[PDB]
Every structure is written in C-alpha cells, then in structure tokens.
C-alpha cells in the first residue's frame, strides 16, 4: 500500500531553504516518486541555488531509501505579482528582480507549460506579513492587505493560472494555522485574517475546481515546526513549548510529519477528500484548557 506518485509532477511554491514546511513537503513527494519543480521567491533565489550547488542541503536531501532528492527545476517567483504590467518600476529596478525573469505568476505558469507541458500537484507554502508582530488594533491597512495578498490571494492566483495545465484527478494543498479559528495572541498583522481567508477559499475552490476540472483542494492546519529551544524566547519557540506541554500527545512536531500528511492528501488514495482542513498538530486544537495553567497544580 504505497503512496504512489511515480509519473506525477509537482510544482511547489514557497521554497527558500531546507528549514520550512515547503522543503518538508517536497521531500515526502519526492520519496513517493514525484518529479519536483520549485518556485523560489526571487530575493532568495541566489542563495538558494548557490547553497544547493555547493552541497549545503545534502544532509537535508536524504530520503528514506538513502537516496538524495532531486529538484528537477527551480523557477523564480514572486506571488504578489500576477503579470508583468503589475510590477512597479520600483521593484523591477531592484538588483534582485533585475537579475532574473518570468517571475510573475502568469509568466512562471507559462514557463512550466512550455517546459513540461503539465503538472499534477500544486503545493502552496508561502506566507508573508510585514506587520506580523503588531496586534490587529495596531495593524495598518497596507500591512493588513499585504498579508492577505501574499498569504491568501497568492493561492487563488497560483491555482487559477496553473489549472489549465493540471491533469484531472490532480490536487493541491496549502498550509494553514489555527489562528484563523481561535485567538492566538502574537500572530498579528492580519496573518490570522489571511489564514481565515485561505481556509474559506479552500472550500470554495474545492467546489470550483472540483466541478471544473476534477481537482481536489485541501489545506493542512499545522502546529509549530521543530524541537524545543534551550530558552524559548520569540513566538515560534514559545508555541513549540506550549504545544509540547499541552497537546493530547506529548511530543514535538517534525517536518516529516507534515510532509507525509501532504503526500497522502495529494495522492490518489485520498480520492474522496476535498475542501478539507486537516489538523497536523498533535491534537492541540482539540484541547479545551491548558494543562500547564497554574490553577491546575
């Protein structure tokens, strides 16, 4: 009973290094036999491709069979821009964006089409919010919209532009976080807002794309990624610790765990699953109180 993706091709948007969920999903898909295409934010491109060439991610490339994951092709991408006429002189002129081309959503998709003709799986793993450290009460309109634009609408855009080249019976997957449904202080700047939109859009697009092209659309509501800090300071480290203490099962979350869930979800085994929010968070989401609250000892 294999999760069998041989002969399938995946486009993964949002890989800049070997430390996030994106890399983790690519690894699982690669283990399952899929051919891997990567969309890399174009300010990150250089250092990513360089490190890769120098062998800097080689330990991170190790698959379960001992082989090394191969990235078939890296495509620069900036998912806040749909087509070339949407780019400001401003941005077009910066060194980084100056160095590369075809990085708008419309352009990348046309390149993939030219290069490979089709894809089966679309993975969205990018998010960005300039004011993420501010409470909503202190978030500016511009900051709020930027977060929505890069973290929610970018999925709509990707799907929409790639759909014509996706083979029916294919699928997409995005990553979400509980802050959309529950109050998580510290997840600011409209990022909670953006995750709420992404989840709602997942359901709507499951209908639109399911009926239109027989494509499945789901999202994974993941917990904090990694092991405990010696001294937790900062949002993430703090949530890692919180989760470890308070989840129904006491353990940390590994990239593996998220990547394997994704692999299953974009595979044919998951043929009856669509418009779904799958919790891959050690069951934290189900808890009604914090076990470590001082009231309880």
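Numbering follows the first chain given and starts at 1.
*Asks:* Would you tell me which stretch averages the higher CA B-factor in the PDB entry, 55 to 63 or 241 to 249?
*Replies:* Higher mean C-alpha B-factor: 55 to 63.
*Asks:* Using only C-alpha atoms and the B-factors in the entry, which stretch averages higher, 43 to 51 or 229 to 237?
*Replies:* Mean C-alpha B-factor is greater for 229 to 237.
*Asks:* When the CA B-factors of 141, 92, 134, 124 are compared as recorded in the entry, which is the largest?
*Replies:* Among 141, 92, 134, 124, the PDB entry lists the largest C-alpha B-factor for 92.
*Asks:* Highest CA temperature factor in the entry: which of 200, 192, 83, 218?
*Replies:* Checking the PDB record, the top C-alpha B-factor among 200, 192, 83, 218 is at 83.
*Asks:* Taking only the Cα B-factors deposited for this chain, tell me whether residue 263 sits in the lowest, middle or highest third.
*Replies:* As the PDB entry reports it, the C-alpha B-factor of residue 263 lands in the lowest third of its chain.
*Asks:* Comparing against every modelled residue in the chain, figure out the third that the C-alpha B-factor of residue 178 lands in (lowest, middle or highest).
*Replies:* As the PDB entry reports it, the C-alpha B-factor of residue 178 lands in the lowest third of its chain.
*Asks:* Split into thirds by Cα B-factor across the chain's modelled residues, where does residue 214 land: lowest, middle or highest?
*Replies:* As the PDB entry reports it, the C-alpha B-factor of residue 214 lands in the middle third of its chain.
*Asks:* Taking the C-alpha B-factors as the PDB entry records them, is residue 22 in the lowest, middle or highest third of its chain?
*Replies:* As the PDB entry reports it, the C-alpha B-factor of residue 22 lands in the middle third of its chain.
*Asks:* Splitting the chain's C-alpha B-factors into thirds, which one does residue 283 fall into?
*Replies:* Within its chain, residue 283 is a lowest-third residue by C-alpha B-factor, going by the deposited values.
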